[PDB]
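Raw contents of model15.tsv, TSV, C-alpha atoms:
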chain	number	residue	atom	x	y	z
A	346	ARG	CA	68.30	-54.50	-17.18
A	347	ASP	CA	69.39	-53.83	-20.80
A	348	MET	CA	72.22	-56.29	-20.28
A	349	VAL	CA	69.68	-58.86	-19.00
A	350	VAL	CA	67.31	-57.93	-21.87
A	351	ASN	CA	70.00	-58.27	-24.58
A	352	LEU	CA	71.22	-61.61	-23.16
A	353	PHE	CA	67.64	-62.98	-22.80
A	354	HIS	CA	66.76	-62.34	-26.46
A	355	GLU	CA	70.24	-63.66	-27.32
A	356	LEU	CA	69.48	-66.74	-25.16
A	357	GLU	CA	66.24	-67.26	-27.11
A	358	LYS	CA	68.34	-66.76	-30.27
A	359	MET	CA	70.60	-69.60	-29.05
A	360	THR	CA	67.54	-71.83	-28.49
A	361	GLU	CA	66.17	-71.06	-31.97
A	362	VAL	CA	69.58	-72.11	-33.36
A	363	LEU	CA	69.99	-75.07	-30.95
A	364	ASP	CA	66.55	-76.41	-31.95
A	365	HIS	CA	67.31	-75.90	-35.65
A	366	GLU	CA	70.78	-77.53	-35.58
A	367	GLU	CA	69.47	-80.50	-33.54
A	368	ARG	CA	66.78	-81.10	-36.20
A	369	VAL	CA	69.45	-81.28	-38.96
A	370	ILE	CA	71.49	-83.62	-36.68
A	371	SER	CA	68.53	-86.00	-36.54
A	372	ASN	CA	67.91	-85.42	-40.26
A	373	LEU	CA	71.55	-85.98	-41.37
A	374	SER	CA	71.75	-89.10	-39.17
A	375	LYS	CA	68.95	-90.48	-41.34
A	376	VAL	CA	70.83	-89.20	-44.47
A	377	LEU	CA	73.92	-91.18	-43.44
A	378	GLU	CA	71.73	-94.20	-42.63
A	379	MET	CA	70.02	-93.94	-46.06
A	380	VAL	CA	73.33	-93.76	-47.95
A	381	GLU	CA	74.70	-96.64	-45.85
A	382	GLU	CA	71.47	-98.58	-46.50
A	383	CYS	CA	71.83	-97.91	-50.24
A	384	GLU	CA	75.54	-98.88	-50.30
A	385	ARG	CA	74.71	-102.12	-48.46
A	386	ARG	CA	71.69	-103.01	-50.66
A	387	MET	CA	73.55	-102.32	-53.94
A	388	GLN	CA	76.04	-105.08	-53.06
A	389	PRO	CA	75.39	-108.64	-54.30
A	390	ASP	CA	76.02	-109.58	-50.61
A	391	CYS	CA	72.56	-108.19	-49.67
A	392	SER	CA	69.47	-110.31	-50.34
A	393	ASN	CA	67.31	-107.13	-50.32
A	394	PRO	CA	68.45	-105.39	-53.58
A	395	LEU	CA	67.53	-101.72	-53.90
A	396	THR	CA	64.60	-101.46	-56.29
A	397	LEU	CA	64.59	-98.50	-58.68
A	398	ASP	CA	61.23	-97.27	-57.30
A	399	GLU	CA	62.80	-97.18	-53.82
A	400	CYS	CA	65.92	-95.39	-55.10
A	401	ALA	CA	63.70	-92.62	-56.49
A	402	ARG	CA	61.96	-92.31	-53.08
A	403	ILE	CA	65.40	-92.01	-51.41
A	404	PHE	CA	66.44	-89.25	-53.83
A	405	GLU	CA	63.04	-87.52	-53.43
A	406	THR	CA	63.39	-87.50	-49.63
A	407	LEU	CA	67.01	-86.28	-49.83
A	408	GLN	CA	66.04	-83.48	-52.25
A	409	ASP	CA	62.89	-82.26	-50.47
A	410	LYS	CA	63.85	-82.11	-46.77
A	411	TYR	CA	67.63	-82.66	-46.79
A	412	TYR	CA	68.30	-80.34	-49.85
A	413	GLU	CA	71.48	-78.62	-48.57
A	414	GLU	CA	73.36	-81.96	-48.70
A	415	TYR	CA	72.88	-82.15	-52.49
A	416	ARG	CA	73.94	-78.51	-53.02
A	417	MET	CA	77.25	-78.95	-51.20
A	418	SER	CA	78.13	-82.53	-52.21
A	419	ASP	CA	78.85	-84.13	-55.60
A	420	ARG	CA	75.25	-84.84	-56.71
A	421	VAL	CA	76.72	-86.00	-60.06
A	422	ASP	CA	78.99	-88.62	-58.42
A	423	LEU	CA	76.19	-89.88	-56.15
A	424	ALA	CA	74.06	-90.46	-59.26
A	425	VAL	CA	76.97	-92.09	-61.20
A	426	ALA	CA	77.54	-94.58	-58.37
A	427	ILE	CA	73.91	-95.31	-57.41
A	428	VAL	CA	71.50	-94.44	-60.23
A	429	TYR	CA	73.59	-95.45	-63.28
A	430	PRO	CA	73.99	-99.27	-62.59
A	431	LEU	CA	70.29	-99.64	-61.71
A	432	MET	CA	69.12	-97.60	-64.72
A	433	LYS	CA	71.27	-99.79	-67.01
A	434	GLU	CA	69.47	-102.89	-65.70
A	435	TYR	CA	66.05	-101.24	-66.05
A	436	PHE	CA	66.66	-100.36	-69.72
A	437	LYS	CA	68.57	-103.61	-70.47
A	438	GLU	CA	65.44	-105.27	-71.91
A	439	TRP	CA	63.81	-102.06	-73.21
A	440	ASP	CA	62.91	-102.01	-76.92
A	441	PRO	CA	62.08	-98.29	-77.72
A	442	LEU	CA	60.37	-99.19	-81.00
A	443	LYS	CA	57.96	-101.61	-79.30
A	444	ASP	CA	57.31	-99.60	-76.10
A	445	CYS	CA	58.25	-95.95	-76.65
A	446	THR	CA	56.68	-94.93	-73.31
A	447	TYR	CA	58.59	-97.36	-71.03
A	448	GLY	CA	60.94	-95.33	-68.85
A	449	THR	CA	59.62	-91.93	-70.03
A	450	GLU	CA	57.87	-91.19	-66.72
A	451	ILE	CA	60.76	-92.61	-64.65
A	452	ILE	CA	63.52	-90.62	-66.39
A	453	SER	CA	61.30	-87.49	-66.24
A	454	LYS	CA	60.93	-88.24	-62.52
A	455	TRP	CA	64.74	-88.66	-62.43
A	456	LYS	CA	65.04	-85.43	-64.49
A	457	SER	CA	63.55	-83.52	-61.54
A	458	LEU	CA	65.86	-85.48	-59.20
A	459	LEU	CA	69.18	-85.32	-61.06
A	460	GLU	CA	69.36	-82.48	-63.60
A	461	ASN	CA	70.86	-79.40	-61.94
A	462	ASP	CA	68.41	-76.46	-61.69
A	463	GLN	CA	70.55	-74.18	-63.88
A	464	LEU	CA	70.75	-76.75	-66.69
A	465	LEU	CA	67.22	-78.10	-67.46
A	466	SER	CA	66.68	-75.41	-70.11
A	467	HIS	CA	70.15	-75.56	-71.71
A	468	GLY	CA	70.54	-79.36	-72.00
A	469	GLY	CA	74.21	-78.86	-72.90
A	470	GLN	CA	77.12	-81.31	-73.14
A	471	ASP	CA	77.97	-81.22	-69.38
A	472	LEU	CA	79.63	-84.62	-69.07
A	473	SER	CA	81.76	-83.01	-66.31
A	474	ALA	CA	79.28	-81.62	-63.80
A	475	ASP	CA	75.66	-82.65	-64.56
A	476	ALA	CA	74.12	-85.85	-63.20
A	477	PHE	CA	71.44	-86.20	-65.91
A	478	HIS	CA	73.33	-85.24	-69.10
A	479	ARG	CA	75.87	-88.02	-68.51
A	480	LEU	CA	73.05	-90.35	-67.35
A	481	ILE	CA	71.28	-90.17	-70.72
A	482	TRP	CA	74.64	-90.26	-72.58
A	483	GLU	CA	76.07	-93.32	-70.77
A	484	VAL	CA	72.90	-95.35	-70.00
A	485	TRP	CA	70.16	-94.36	-72.44
A	486	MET	CA	72.23	-93.49	-75.54
A	487	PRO	CA	73.95	-96.98	-76.09
A	488	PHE	CA	70.57	-98.67	-76.60
A	489	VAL	CA	69.48	-95.93	-79.03
A	490	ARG	CA	72.70	-96.26	-81.13
A	491	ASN	CA	72.12	-100.01	-81.71
A	492	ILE	CA	68.42	-99.66	-82.66
A	493	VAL	CA	69.01	-96.76	-85.15
A	494	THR	CA	71.32	-99.08	-87.15
A	495	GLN	CA	68.51	-101.68	-87.18
A	496	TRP	CA	65.67	-99.16	-87.72
A	497	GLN	CA	64.03	-98.87	-91.15
A	498	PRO	CA	62.90	-95.29	-92.01
A	499	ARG	CA	59.92	-96.64	-94.02
A	500	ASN	CA	58.61	-97.68	-90.59
A	501	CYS	CA	59.39	-94.28	-89.11
A	502	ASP	CA	56.34	-94.18	-86.77
A	503	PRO	CA	57.84	-96.20	-83.82
A	504	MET	CA	61.02	-94.05	-84.07
A	505	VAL	CA	59.09	-90.76	-84.43
A	506	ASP	CA	56.85	-91.63	-81.44
A	507	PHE	CA	60.00	-92.61	-79.49
A	508	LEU	CA	61.91	-89.36	-80.17
A	509	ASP	CA	58.83	-87.12	-79.71
A	510	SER	CA	57.93	-88.74	-76.36
A	511	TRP	CA	61.51	-88.24	-75.14
A	512	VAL	CA	62.24	-84.78	-76.74
A	513	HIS	CA	60.98	-82.97	-73.62
A	514	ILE	CA	62.90	-85.31	-71.32
A	515	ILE	CA	66.39	-85.88	-72.81
A	516	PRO	CA	69.16	-83.21	-73.08
A	517	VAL	CA	68.94	-81.04	-76.21
A	518	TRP	CA	72.62	-81.76	-77.09
A	519	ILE	CA	71.89	-85.51	-77.34
A	520	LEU	CA	68.93	-84.84	-79.70
A	521	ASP	CA	71.05	-82.87	-82.21
A	522	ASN	CA	73.65	-85.67	-82.35
A	523	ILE	CA	70.95	-88.30	-83.04
A	524	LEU	CA	69.22	-86.24	-85.76
A	525	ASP	CA	72.31	-85.04	-87.65
A	526	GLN	CA	74.71	-87.99	-87.40
A	527	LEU	CA	72.47	-91.07	-87.05
A	528	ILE	CA	68.98	-90.39	-88.43
A	529	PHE	CA	69.87	-88.15	-91.42
A	530	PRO	CA	72.29	-90.55	-93.29
A	531	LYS	CA	69.81	-93.43	-92.89
A	532	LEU	CA	66.83	-91.36	-94.09
A	533	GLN	CA	68.90	-90.60	-97.20
A	534	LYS	CA	69.87	-94.30	-97.41
A	535	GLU	CA	66.23	-95.40	-97.21
A	536	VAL	CA	65.31	-92.93	-100.00
A	537	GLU	CA	68.24	-94.51	-101.91
A	538	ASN	CA	66.49	-97.88	-101.47
A	539	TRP	CA	62.91	-96.61	-101.97
A	540	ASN	CA	61.64	-96.69	-105.57
A	541	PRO	CA	58.52	-94.54	-106.32
A	542	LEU	CA	57.23	-96.79	-109.15
A	543	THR	CA	57.27	-100.12	-107.27
A	544	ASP	CA	56.87	-99.23	-103.57
A	545	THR	CA	53.27	-99.28	-102.35
A	546	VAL	CA	53.98	-97.13	-99.25
A	547	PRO	CA	53.96	-93.38	-100.10
A	548	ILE	CA	57.10	-91.46	-99.05
A	549	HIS	CA	55.05	-88.71	-97.29
A	550	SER	CA	53.59	-91.32	-94.91
A	551	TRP	CA	57.09	-91.91	-93.47
A	552	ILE	CA	59.00	-88.62	-94.09
A	553	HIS	CA	56.37	-86.07	-92.94
A	554	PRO	CA	56.31	-87.22	-89.22
A	555	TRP	CA	59.92	-85.87	-89.12
A	556	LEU	CA	58.76	-82.36	-90.15
A	557	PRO	CA	58.26	-81.08	-86.51
A	558	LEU	CA	61.49	-82.49	-85.03
A	559	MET	CA	63.82	-81.84	-87.99
A	560	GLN	CA	62.23	-78.94	-90.02
A	561	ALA	CA	65.05	-77.18	-91.94
A	562	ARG	CA	67.39	-80.21	-91.57
A	563	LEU	CA	65.35	-82.21	-94.13
A	564	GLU	CA	66.09	-79.74	-97.00
A	565	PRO	CA	69.15	-81.60	-98.55
A	566	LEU	CA	67.16	-84.86	-98.71
A	567	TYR	CA	64.41	-83.34	-100.89
A	568	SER	CA	66.69	-83.27	-103.97
A	569	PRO	CA	67.16	-87.13	-104.09
A	570	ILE	CA	63.40	-87.48	-103.46
A	571	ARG	CA	62.62	-84.98	-106.26
A	572	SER	CA	65.06	-86.80	-108.58
A	573	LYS	CA	63.52	-90.24	-108.01
A	574	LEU	CA	60.00	-88.81	-108.30
A	575	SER	CA	61.25	-87.10	-111.50
A	576	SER	CA	62.07	-90.60	-112.78
A	577	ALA	CA	58.60	-91.76	-111.68
A	578	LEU	CA	56.89	-88.85	-113.47
A	579	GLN	CA	58.63	-89.84	-116.76
A	580	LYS	CA	55.90	-92.39	-117.53
A	581	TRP	CA	53.14	-90.45	-115.77
A	582	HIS	CA	50.38	-88.82	-117.83
A	583	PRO	CA	48.34	-85.73	-116.67
A	584	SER	CA	45.09	-87.74	-116.59
A	585	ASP	CA	46.59	-89.81	-113.72
A	586	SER	CA	45.59	-87.68	-110.70
A	587	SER	CA	47.57	-89.95	-108.28
A	588	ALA	CA	50.73	-87.84	-108.80
A	589	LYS	CA	48.80	-84.77	-107.60
A	590	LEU	CA	47.63	-86.70	-104.51
A	591	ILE	CA	51.20	-87.76	-103.66
Y	388	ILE	CA	79.19	-93.89	-52.91
Y	389	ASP	CA	81.97	-93.29	-50.37
Y	390	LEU	CA	82.74	-89.78	-51.71
Y	391	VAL	CA	79.41	-88.30	-50.58
Y	392	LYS	CA	79.26	-90.67	-47.56
Y	393	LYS	CA	82.56	-89.22	-46.26
Y	394	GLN	CA	81.22	-85.63	-46.22
Y	395	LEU	CA	77.98	-86.74	-44.51
Y	396	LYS	CA	79.84	-88.39	-41.60
Y	397	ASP	CA	82.09	-85.36	-40.95
Y	398	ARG	CA	79.27	-82.77	-41.31
Y	399	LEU	CA	77.02	-84.57	-38.77
Y	400	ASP	CA	79.66	-84.53	-36.02
Y	401	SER	CA	80.63	-80.94	-36.89
Y	402	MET	CA	77.01	-79.78	-36.45
Y	403	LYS	CA	77.02	-81.48	-33.03
Y	404	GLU	CA	80.20	-79.56	-32.14
Y	405	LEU	CA	78.51	-76.34	-33.29
Y	406	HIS	CA	75.42	-77.36	-31.28
Y	407	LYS	CA	77.68	-78.10	-28.27
Y	408	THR	CA	79.30	-74.64	-28.60
Y	409	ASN	CA	75.89	-72.90	-28.73
Y	410	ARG	CA	74.83	-75.04	-25.74
Y	411	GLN	CA	77.87	-73.93	-23.70
Y	412	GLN	CA	77.34	-70.26	-24.66
Y	413	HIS	CA	73.72	-70.63	-23.52
Y	414	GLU	CA	74.97	-71.74	-20.09
Y	415	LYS	CA	77.50	-68.88	-19.83
Y	416	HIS	CA	74.97	-66.22	-20.90
Y	417	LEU	CA	72.54	-67.59	-18.28
Y	418	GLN	CA	75.22	-67.09	-15.59
Y	419	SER	CA	75.87	-63.48	-16.73
Y	420	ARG	CA	72.18	-62.59	-16.25
Y	421	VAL	CA	72.09	-64.05	-12.69
Y	422	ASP	CA	74.83	-61.72	-11.40
Y	423	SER	CA	73.13	-58.78	-13.14
Y	424	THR	CA	69.66	-59.85	-11.82
Y	425	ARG	CA	71.01	-59.70	-8.23
Y	426	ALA	CA	72.19	-56.12	-8.79
Y	427	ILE	CA	68.74	-55.17	-10.19
Y	428	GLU	CA	66.93	-56.48	-7.08
Y	429	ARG	CA	69.53	-54.84	-4.79
Y	430	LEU	CA	69.13	-51.49	-6.59
Y	431	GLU	CA	65.30	-51.78	-6.59
Y	432	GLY	CA	65.14	-52.58	-2.87
Y	433	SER	CA	67.44	-49.67	-2.07
Y	434	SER	CA	65.44	-47.36	-4.39
Y	435	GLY	CA	62.28	-47.78	-2.34
Can the structure from this file be put into structure tokens for me?
Amino acid sequence: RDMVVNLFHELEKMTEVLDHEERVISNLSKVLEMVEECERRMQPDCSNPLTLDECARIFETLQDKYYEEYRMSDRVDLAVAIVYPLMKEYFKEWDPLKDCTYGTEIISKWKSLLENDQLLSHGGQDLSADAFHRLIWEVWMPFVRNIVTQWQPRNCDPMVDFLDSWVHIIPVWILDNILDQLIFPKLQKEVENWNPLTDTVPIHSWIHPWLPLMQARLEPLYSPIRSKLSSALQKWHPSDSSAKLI
Amino acid sequence: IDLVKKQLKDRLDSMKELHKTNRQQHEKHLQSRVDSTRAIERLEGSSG
């Protein structure tokens, strides 16, 4: 009887593992069909191109039910092949200074779908093994580089609103590169062009929005500002309260 | 796309092979009980 009892529970154990494996077989058959559907639709040969909203749905379905497939496979490489060409086209006409919010929700949606669970807090320079860090670096960063060269720091507001709306979304390592290497020399350069005695737009109106994002980093720039304002105060008289206001 | 697509093809057939193995073991374990079940009934009938 104990032999029959042990085998019976073991037989039920085989059914609980036959039923489970069969479910994944039906699931992975869909997984293969979805990847083959994607590969077909991404070709110019297919008159039904894969829309970016549908590609998110595919990645959502693969992550939620089919999760084990992402953990074992090269989730980076799958994103590089599929997500990166489509994201390039979606941002191709994007002007971050005119519409700072375009693509914020989508990339945040993609952040949940592509950034590896260990790495969302770090945001480090993983161009080797993260699907999102190299996404923002290869797709999103080229458009930003061009615009910063064109951007005028006196009109900082579209650029401040852009960086603040994306600060929670983009990798931290990308942010530091933008602030130190691209934004900071231009902010200095704009101060070099700004003249306190002839410019009608007060410097605080366009430097102070950078106080949250940059904080301590703005300290070297205050000396040129103080020096030009020193030149402005040369003709100022204490009865003129406008210096106190500025 | 083919890098992930390769692994998905192989894994699906492998799970079927694992399913097939479990299916065959289910049949063999069923057979083992039958020969034991006969001995139970034979012992029970003789016990009365």
Exercise. Could you name the residues that touch residue 416 in chain A at 10 Å or less, counting all atoms listed in the file, but leaving out those on the same chain fewer than 5 positions away, as a count of residues only?
Worked result: 3
Can you tell me, as a compact mmCIF listing (two decimals) with C-alpha atoms, in the frame of the given file, what residues are no more than 12 Å from residue 380 in chain A when counting only C-alpha atoms, ignoring any on the same chain fewer than 3 positions away?
# COMPACT_ATOMS: atom_id res chain seq x y z
CA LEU A 373 71.55 -85.98 -41.37
CA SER A 374 71.75 -89.10 -39.17
CA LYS A 375 68.95 -90.48 -41.34
CA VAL A 376 70.83 -89.20 -44.47
CA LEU A 377 73.92 -91.18 -43.44
CA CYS A 383 71.83 -97.91 -50.24
CA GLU A 384 75.54 -98.88 -50.30
CA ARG A 385 74.71 -102.12 -48.46
CA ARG A 386 71.69 -103.01 -50.66
CA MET A 387 73.55 -102.32 -53.94
CA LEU A 395 67.53 -101.72 -53.90
CA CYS A 400 65.92 -95.39 -55.10
CA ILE A 403 65.40 -92.01 -51.41
CA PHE A 404 66.44 -89.25 -53.83
CA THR A 406 63.39 -87.50 -49.63
CA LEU A 407 67.01 -86.28 -49.83
CA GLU A 414 73.36 -81.96 -48.70
CA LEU A 423 76.19 -89.88 -56.15
CA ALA A 424 74.06 -90.46 -59.26
CA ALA A 426 77.54 -94.58 -58.37
CA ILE A 427 73.91 -95.31 -57.41
CA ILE Y 388 79.19 -93.89 -52.91
CA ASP Y 389 81.97 -93.29 -50.37
CA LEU Y 390 82.74 -89.78 -51.71
CA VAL Y 391 79.41 -88.30 -50.58
CA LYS Y 392 79.26 -90.67 -47.56
CA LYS Y 393 82.56 -89.22 -46.26
CA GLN Y 394 81.22 -85.63 -46.22
CA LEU Y 395 77.98 -86.74 -44.51
CA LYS Y 396 79.84 -88.39 -41.60
Exercise. Rounded to one decimal in Å, what is the spacing between CA of residue 540 in chain A and CA of residue 494 in chain A?
Worked result: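 About the pair CA of residue 540 in chain A and CA of residue 494 in chain A: they are 20.9 Å apart.
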Exercise. Which of these residues is nearest to residue 359 in chain A, using all atoms listed in the file: Y:410, Y:397, Y:429, Y:405?
Worked result: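 Smallest separation from residue 359 in chain A among the options: Y:410.
For range 412-415 of chain Y, the non-local neighbours within 8 Å, defined as residues at least 4 positions apart in the same chain or in other chains and counting only C-alpha atoms, are residues 356 and 359 of chain A; 408 and 419 of chain Y.
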Exercise. So what do you get for CA of residue 416 in chain Y versus CA of residue 348 in chain A, distance-wise?
Worked result: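 Between CA of residue 416 in chain Y and CA of residue 348 in chain A the gap works out to 10.3 Å.
Residue nearest residue 524 in chain A within the list A:371, A:560, A:388, A:495: A:560 [criterion: smallest interatomic distance, all atoms listed in the file].
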Exercise. Expressed in Å to a single decimal, how great is the separation between CA of residue 469 in chain A and CA of residue 516 in chain A?
Worked result: 6.7 Å
Show me as a PDB file with C-alpha atoms, in the coordinates of the input the residues that reach within 10 Å of (74.7, -99.8, -72.4), counting all atoms listed in the file and using the file's own coordinates.
ATOM      1  CA  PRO A 430      73.990 -99.270 -62.590  1.00  0.00           C
ATOM      2  CA  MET A 432      69.120 -97.600 -64.720  1.00  0.00           C
ATOM      3  CA  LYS A 433      71.270 -99.790 -67.010  1.00  0.00           C
ATOM      4  CA  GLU A 434      69.470-102.890 -65.700  1.00  0.00           C
ATOM      5  CA  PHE A 436      66.660-100.360 -69.720  1.00  0.00           C
ATOM      6  CA  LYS A 437      68.570-103.610 -70.470  1.00  0.00           C
ATOM      7  CA  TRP A 482      74.640 -90.260 -72.580  1.00  0.00           C
ATOM      8  CA  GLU A 483      76.070 -93.320 -70.770  1.00  0.00           C
ATOM      9  CA  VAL A 484      72.900 -95.350 -70.000  1.00  0.00           C
ATOM     10  CA  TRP A 485      70.160 -94.360 -72.440  1.00  0.00           C
ATOM     11  CA  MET A 486      72.230 -93.490 -75.540  1.00  0.00           C
ATOM     12  CA  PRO A 487      73.950 -96.980 -76.090  1.00  0.00           C
ATOM     13  CA  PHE A 488      70.570 -98.670 -76.600  1.00  0.00           C
ATOM     14  CA  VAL A 489      69.480 -95.930 -79.030  1.00  0.00           C
ATOM     15  CA  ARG A 490      72.700 -96.260 -81.130  1.00  0.00           C
ATOM     16  CA  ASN A 491      72.120-100.010 -81.710  1.00  0.00           C
TER      17      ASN A 491
END
For this session: Name all residues at most 12 Å from range 568-578 of chain A (count all atoms listed in the file; drop same-chain ones fewer than 2 positions away) and give them as a PyMOL selection string.
Result: chain A and resi 532-544+547-549+552+563-566+580-583+585-589+591
Problem set entry | Exercise: range 517-523 of chain A partners within 8 Å, only C-alpha atoms, chain neighbours under 4 positions left out, as JSON, numbers by chain | {"A": [467, 468, 469, 470, 482, 512, 527, 528]}
Emit the selected residues as a PDB file, in the coordinates of the input, including C-alpha atoms.
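What landed in result.pdb:
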ATOM      1  CA  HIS A 467      70.150 -75.560 -71.710  1.00  0.00           C
ATOM      2  CA  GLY A 468      70.540 -79.360 -72.000  1.00  0.00           C
ATOM      3  CA  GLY A 469      74.210 -78.860 -72.900  1.00  0.00           C
ATOM      4  CA  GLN A 470      77.120 -81.310 -73.140  1.00  0.00           C
ATOM      5  CA  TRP A 482      74.640 -90.260 -72.580  1.00  0.00           C
ATOM      6  CA  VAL A 512      62.240 -84.780 -76.740  1.00  0.00           C
ATOM      7  CA  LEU A 527      72.470 -91.070 -87.050  1.00  0.00           C
ATOM      8  CA  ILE A 528      68.980 -90.390 -88.430  1.00  0.00           C
TER       9      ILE A 528
END
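Take the candidates A:439, A:509, A:456, A:415 and check each one against residue 559 in chain A using only C-alpha atoms; the shortest distance goes to A:509.
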Grab all the atoms of range 509-518 of chain A that the file lists, wrap them in a box along x, y and z, add 3 Å per side, and give me centre plus edge lengths in Å (one decimal) as lines of an AutoDock Vina configuration file.
center_x = 65.3
center_y = -84.9
center_z = -75.5
size_x = 20.7
size_y = 13.7
size_z = 14.4
For this session: Identify which of the residues Y:418, Y:399, Y:404, Y:425 lies closest to chain A, counting all atoms listed in the file when measuring atom-to-atom distances.
Result: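 Among the listed residues, the smallest separation from chain A belongs to Y:399.
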Can you sort out range 420-434 of chain Y so it carries N, CA, C and O atoms, written as a tab-separated table (two decimals), keeping the file's coordinate frame?
chain	number	residue	atom	x	y	z
Y	420	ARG	N	73.44	-63.21	-16.66
Y	420	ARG	CA	72.18	-62.59	-16.25
Y	420	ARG	C	71.95	-62.66	-14.74
Y	420	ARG	O	71.44	-61.71	-14.16
Y	421	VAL	N	72.31	-63.80	-14.12
Y	421	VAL	CA	72.09	-64.05	-12.69
Y	421	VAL	C	72.81	-63.01	-11.83
Y	421	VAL	O	72.23	-62.47	-10.87
Y	422	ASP	N	74.07	-62.71	-12.16
Y	422	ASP	CA	74.83	-61.72	-11.40
Y	422	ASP	C	74.26	-60.32	-11.61
Y	422	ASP	O	74.24	-59.50	-10.69
Y	423	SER	N	73.80	-60.04	-12.84
Y	423	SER	CA	73.13	-58.78	-13.14
Y	423	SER	C	71.75	-58.69	-12.47
Y	423	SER	O	71.35	-57.60	-12.05
Y	424	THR	N	70.99	-59.80	-12.45
Y	424	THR	CA	69.66	-59.85	-11.82
Y	424	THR	C	69.74	-59.49	-10.33
Y	424	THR	O	68.87	-58.78	-9.81
Y	425	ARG	N	70.78	-59.99	-9.65
Y	425	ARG	CA	71.01	-59.70	-8.23
Y	425	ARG	C	71.20	-58.21	-8.00
Y	425	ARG	O	70.70	-57.65	-7.01
Y	426	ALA	N	71.96	-57.55	-8.89
Y	426	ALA	CA	72.19	-56.12	-8.79
Y	426	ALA	C	70.91	-55.32	-9.03
Y	426	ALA	O	70.74	-54.26	-8.43
Y	427	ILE	N	70.03	-55.81	-9.92
Y	427	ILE	CA	68.74	-55.17	-10.19
Y	427	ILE	C	67.87	-55.15	-8.94
Y	427	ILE	O	67.33	-54.11	-8.55
Y	428	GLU	N	67.69	-56.33	-8.32
Y	428	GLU	CA	66.93	-56.48	-7.08
Y	428	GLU	C	67.52	-55.64	-5.94
Y	428	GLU	O	66.78	-55.05	-5.15
Y	429	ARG	N	68.86	-55.64	-5.82
Y	429	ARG	CA	69.53	-54.84	-4.79
Y	429	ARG	C	69.33	-53.34	-5.02
Y	429	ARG	O	69.15	-52.58	-4.06
Y	430	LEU	N	69.38	-52.90	-6.28
Y	430	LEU	CA	69.13	-51.49	-6.59
Y	430	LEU	C	67.67	-51.12	-6.36
Y	430	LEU	O	67.38	-50.03	-5.87
Y	431	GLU	N	66.74	-52.01	-6.78
Y	431	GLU	CA	65.30	-51.78	-6.59
Y	431	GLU	C	64.92	-51.68	-5.12
Y	431	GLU	O	64.11	-50.82	-4.75
Y	432	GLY	N	65.43	-52.61	-4.30
Y	432	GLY	CA	65.14	-52.58	-2.87
Y	432	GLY	C	65.68	-51.33	-2.20
Y	432	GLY	O	65.03	-50.76	-1.31
Y	433	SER	N	66.87	-50.89	-2.61
Y	433	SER	CA	67.44	-49.67	-2.07
Y	433	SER	C	66.74	-48.42	-2.61
Y	433	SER	O	66.73	-47.39	-1.93
Y	434	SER	N	66.13	-48.51	-3.80
Y	434	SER	CA	65.44	-47.36	-4.39
Y	434	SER	C	64.17	-47.02	-3.63
Y	434	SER	O	63.81	-45.84	-3.51
